[PDB]
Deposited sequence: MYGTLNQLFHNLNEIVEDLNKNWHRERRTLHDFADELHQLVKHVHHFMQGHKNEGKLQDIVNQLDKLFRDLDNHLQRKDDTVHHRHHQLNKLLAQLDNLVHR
């Protein structure tokens, strides 16, 4: 049926979403790593309004990453349920 192609398409879309999430997560966590290290490298050197801006940005980003992990976990769980359901209808 034409549900077979839709299931097949969505399965691929979902896999790509997963793969692109892992890449994105790696890039951003490395980025956050390298910003965190710098907040402390500037804190050594310590005019120092820069430490405050940098510390704010780390926290901004870190919070974004923790939030993001939670959102992706919920989306993934919805998509797998839905994918499973759709497979059953195709069977």
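Engineer: Compare the deposited sequence with the modelled residues and state the ranges that are missing C-alpha positions.
Structural biologist: No coordinates exist for the deposited residues in 1-2, 49-56, 102, so these stretches are absent from the model.
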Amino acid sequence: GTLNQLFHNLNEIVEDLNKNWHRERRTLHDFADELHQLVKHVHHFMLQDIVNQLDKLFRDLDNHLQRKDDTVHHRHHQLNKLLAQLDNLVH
From here on, numbers count along this sequence of modelled residues.
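Engineer: Per the PDB record, is the mean Cα temperature factor higher over 79-87 or over 12-20?
Structural biologist: Averaged over C-alpha atoms, the B-factors run higher in 79-87.
Engineer: Look over 23-31 and 56-64 in the entry and identify the one with the greater average Cα temperature factor.
Structural biologist: That would be 56-64.
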